[PDB]
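The lines below spell out each chain.
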Amino acid sequence: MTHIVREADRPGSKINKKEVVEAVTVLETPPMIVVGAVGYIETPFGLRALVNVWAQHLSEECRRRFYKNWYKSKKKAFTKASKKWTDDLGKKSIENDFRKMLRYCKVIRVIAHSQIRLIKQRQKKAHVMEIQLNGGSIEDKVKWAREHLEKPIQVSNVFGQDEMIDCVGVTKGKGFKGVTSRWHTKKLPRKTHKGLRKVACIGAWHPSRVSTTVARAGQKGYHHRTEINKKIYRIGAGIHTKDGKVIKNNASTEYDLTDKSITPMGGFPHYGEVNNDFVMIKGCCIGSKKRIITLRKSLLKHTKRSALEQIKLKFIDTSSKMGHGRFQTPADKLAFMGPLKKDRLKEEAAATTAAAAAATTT
Amino acid sequence: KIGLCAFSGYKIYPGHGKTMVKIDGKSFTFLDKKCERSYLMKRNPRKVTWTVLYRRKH
Amino acid sequence: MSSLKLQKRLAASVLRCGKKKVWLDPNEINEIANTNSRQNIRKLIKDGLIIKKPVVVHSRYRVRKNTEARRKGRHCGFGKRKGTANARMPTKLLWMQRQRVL
Amino acid sequence: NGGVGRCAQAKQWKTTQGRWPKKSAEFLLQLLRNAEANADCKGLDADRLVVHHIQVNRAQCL
Amino acid sequence: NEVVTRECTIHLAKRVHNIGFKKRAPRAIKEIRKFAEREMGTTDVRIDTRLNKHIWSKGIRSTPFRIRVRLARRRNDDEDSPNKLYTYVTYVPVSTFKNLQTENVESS
Amino acid sequence: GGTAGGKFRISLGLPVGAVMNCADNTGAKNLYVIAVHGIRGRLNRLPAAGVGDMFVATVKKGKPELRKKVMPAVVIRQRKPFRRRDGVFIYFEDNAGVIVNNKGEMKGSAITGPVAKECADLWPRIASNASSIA
RNA sequence: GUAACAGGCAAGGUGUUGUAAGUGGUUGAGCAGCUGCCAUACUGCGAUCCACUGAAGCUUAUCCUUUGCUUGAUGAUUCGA
RNA sequence: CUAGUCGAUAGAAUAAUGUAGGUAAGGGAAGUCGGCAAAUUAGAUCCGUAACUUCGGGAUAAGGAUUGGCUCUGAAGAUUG
């Protein structure tokens, strides 16, 4: 999370045409690689996955969901059933399997990697995910998914600015907690024998069992949640060399113009270094460090004027998070503090050994 | 927008501080809590050797 | 090898500094343990195999760096005074001394 | 097995519980050393031996 | 070779952290035994007694943030054991650990 | 009432019953928070006044004609910090209040020290008699 | 992956306390040995203060970064239509 | 310090509730049967001290000021005159 000034664009609230200092969140989204296409039908039981067509080559990063030991293995998935693109197949293998989605199915969802080795973790093993396509006349959906097999799709085409994203992840684990932490129950007095951070009464005499409405020590942390209606403030695109080195309007804007990058001084603490694209939403998605938050498009309508406006942000605070930021760029310290007894007073040894290197050849 | 720390002499980008109003009427921006606490103990900033005011004592 | 429970108790009652301060030679415990009489253990003591391990320095350096500074009054302000003034110098023994002066 | 702690090396036995009973192992090492020693007496090949029938019982409690 | 003697620094506070004081630093002499069996592969870790004298220099609570230790993995001379190798970690007194790049060249 | 626009939630630093300066120049020298003036409440929880939260007051150590009566009052500054909406966190040096009738008109004619902007915006009459708003 | 890697070190970065030991000081209340015939003097005095000095420490153990040094696979148990 | 011990079943890990100890914004008893529990004050020198009283006390009533370090100065004695 990283703290953004902007100028608010309302009707008659009290922040109209004035500044506010908002809290934003940074999701490093390197581009997904779409790798296969699944159809679903309707039954009187619900939907039902019927066909599954994979692209033939898959990254070794992303054949690693299929193994729990990859160092140890012989790397044999998907070695056999990716030869279906190399046999006859034009009467037999796959064109039938794409015929089936045109006719029987009603919902076509698509399977995608995430290139997680661009994220610089120790993880190296991907995240596979079924994304539903939602463009009409499912004859289109099977040709859209037949185009983008094995080819990347990046977050600028999915979302825009000023949309209302949703966040679906896991929360942060706290552990086996107790009752004044799980449920936020009152504390019993200081004169409570045998335990005060309890619920005192656990039920009536009758119904003479305990119910599932009472507050016990039942988990805190690590629950699945979906959170609705976060608003995307910026979509980064942050990598490299469009003609020369390029990071600018990542954390820059039109009122700052120092170009740096969204990552603060000394990195995001425990979280990363971010180099890749990012979605920057309003305040607080769920989870810890390095979670996989999937972002689905909103299910609902937005007519609230808090939901609808477009705001262009004034300033992106790139000061450190690792104790208390004082400066913004690393050359902003040289505005205040010049020569530390460091490579500012170690250059004066480095200049004369290079002069001794100039005195070496002469 | 960018404001000045009253104890030390640093710049305060928006967010980033607490700001004290004495009942003289006067308003004091500090940058850290460390500067804010260290003013209320009346450590004079000419005498603490990491500031700007000590630094303009050269 | 053996336990020198006996051998130590005889050493600290011959040297007459009890066995906090007894050192039996820990490469010669084979030859120390063969020796049972005290007349057989003064021979290990005259020879250098059992030593009396000298006392701890409780040095009196700072004790008399301080009481040369009391002579100039360095540590007697009102925040180093904890007796009532009658306890630090009893006024019954100032008028005893004063009468004997006059 | 109540209330013995759960572990992960007791997956292979297909039961989530299990301990590492040290001196209970080492009295059975010192028995299978003595059962193997009479196996070498009659001339049985010690590497073709399986643990055919093992049982433990009770004794007079002290 | 299998007889190499390697001198290296060890950030101690990184390890005896998360541990309550007055439990370090007889914990810091277990963390050293974990440090050797990850650096020399052996299991029989002998700690030179002067190192123990150095670690208990500032009481049980306080422990030096960083040490400069010298391991020597020698073959087990006698007492024919499963462990043919054993590492002996001795204490190297230095002035400033700064720019003390660990190295293996220790002929002595 | 008279609350213009959205008065955003600030942090309440003055529960029942705290004791505030009576920055008034009426004669009252303390105001004591009997109860605050908007409060539904939930169980066990004490009402508490923010800045510009009118409340119910008694003067405990004041004047003789202001003591032992129940009166309204308005908070003008407090000592627990509060986030203004542009990232600012203001607090003050001590807490203070102002005797007010039921309309929102003050009782005296002077306010001896700064009025926070939150108090001035909702009560224009306290805004007029102010020395230095914010 | 005989090294796409990784662990330990190290170097940066960011932080945090706030100016390290060490010499040197016209910083220093004052007091002395000699204070000298002159030159007019050293300090063994001596809280402090100042320069070298935003120095020095600690800084991932659940911080960030690597063309830096170093290190490495070398087991065990069960399982088919 | 001298003598005397490290003997209290040991290792790993630090969840919940606890027994024991800390700190906590703002408010300060609203809590509670009741300030229970905790918190505050405290040594010493100098000032200063109320109602009432059995004249003895009350009284440490209350209410204030001072205190480190360093370098100095002054006062208090003894034997010989």
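Structure first, text after, so check above.
Right, let's walk through the structure included here. Throughout, residue numbers begin from 1 within each chain and advance along the sequence as written. They need not agree with those in the entry, and any residue without coordinates is left out. Following the order in which they are written, the chains are lettered starting with A and the ligands numbered starting with 1. Chains on display form part of a larger assembly; values are given for the displayed part and nothing beyond it. Excluding hydrogens and water, the side-chain figures rest on all heavy atoms present in the structure.

**Comments concerning the sheet that holds strand β10 (residues 224–231) of chain A**
Residues and elements named next belong to chain A. Sheet architecture is open: 3 strands sit in the order β10-β9-β13, paired in antiparallel fashion. Edge strands, defined here as strands with exactly one partner in the open sheet, are β10 and β13 (294–297). With strand direction ignored, the average angle separating the axes of adjacent strands in the sheet is 30°. Taken together, the 6 bridges between strand β9 (residues 164–170) and β10 define a ladder with antiparallel strand orientation. Residue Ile165 lies in a different strand from β10, and its bridge partner there is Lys230. Two strands form a pair only when DSSP identifies at least two bridges running between them. Counting from the N terminus, the helices are DSSP H or I runs at least four residues long and the strands are E runs at least two residues long. Note on definitions: angles span 0 to 180 degrees between N-to-C directions of axes, and those axes are lines fitted to C-alpha atoms, for helices only across the stretch in contact.

**A short note on the protein's contact with RNA strand H**
Lining the immediate environment of RNA strand H, one finds 39 residues, of which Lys20, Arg74 and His75 of chain C, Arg27 of chain E together with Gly13 of chain F sit closest. Here, proximity means that at least one heavy atom of the residue falls within 4 Å of the molecule or strand. Considering the 4 Å shell around the protein, atoms of RNA strand H inside it are sugar or phosphate in 77% of instances. Two N or O atoms form a polar contact when they lie within 3.5 Å of each other; inside protein one atom must be a possible hydrogen donor and the other a possible acceptor, and for residues adjacent in sequence the pair counts only when both atoms belong to side chains. Here a sugar or linking oxygen of RNA strand H sits 3.3 Å away from a polar atom, N or O, in the side chain of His58 of chain C. Interatomic distance of 2.5 Å between a side-chain N/O atom of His75 of chain C and a phosphate oxygen of RNA strand H. Looking at the surface near RNA strand H residue by residue, the class counts come to 12 nonpolar, 12 polar and 15 charged. The classification used treats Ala, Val, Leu, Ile, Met, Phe, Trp, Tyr, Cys and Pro as nonpolar, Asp, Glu, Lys and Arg as charged, and all other residues, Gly among them, as polar.

**Describing the sheet that holds strand β5 (residues 54–58) of chain F**
Residues and elements named next belong to chain F. What the 5 strands build is a closed barrel, ordered β2-β3-β5-β6-β9; its pairing is mixed. Here the average twist between neighbouring strands, direction ignored, is 55°. Across 3 bridges, strand β2 (residues 19–22) lies against strand β3 (residues 30–36) in antiparallel orientation. Among the inter-strand pairings, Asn21 is bridged to a residue of β3, identified as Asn30.

**Examining the protein's contact with RNA strand G**
Not every one of the 45 residues close to RNA strand G is listed here, only the nearest: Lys120 of chain A together with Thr9, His11, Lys14 and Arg66 of chain E. A distance of 2.4 Å is found between a sugar or linking oxygen of RNA strand G and a side-chain nitrogen or oxygen belonging to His270 of chain A. Within the side chain of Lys333 of chain A, an N or O atom sits 2.6 Å from a phosphate oxygen of RNA strand G. For the surface near RNA strand G, the elements supplying multiple residues, two or more each, are β1 (5–11) and α1 (13–16) of chain E. Per-class residue counts for the surface near RNA strand G are 14 nonpolar, 16 polar and 15 charged.

**Focus: unusual backbone geometry**
Geometrically, the link from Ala77 of chain A to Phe78 of chain A is a cis peptide bond, its omega value of 5° lying close to zero. Residue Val16 of chain F is joined to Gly17 of chain F through a cis peptide bond whose omega torsion reads -20°. With respect to the element layout, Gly17 of chain F can be found in the loop between β1 (14–15) and β2. At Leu89 of chain A, a position not held by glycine, the phi torsion is positive, near 65°. Mapped onto the elements, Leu89 of chain A comes out in the loop between β5 (46–54) and α1 (95–103). Buried means the residue's accessible area, taken with a 1.4 Å probe over protein chains only, is under 20% of the maximum for its type, while exposed means over 50%, and partly exposed covers the values in between. Of the residues examined, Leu89 of chain A reaches a relative accessible area of 15% and is grouped as buried. At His184 of chain A, a residue that is not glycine, the phi angle is positive and equals roughly 60°. Counting through the fold element by element, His184 of chain A comes out in the loop between α4 (179–182) and β10.

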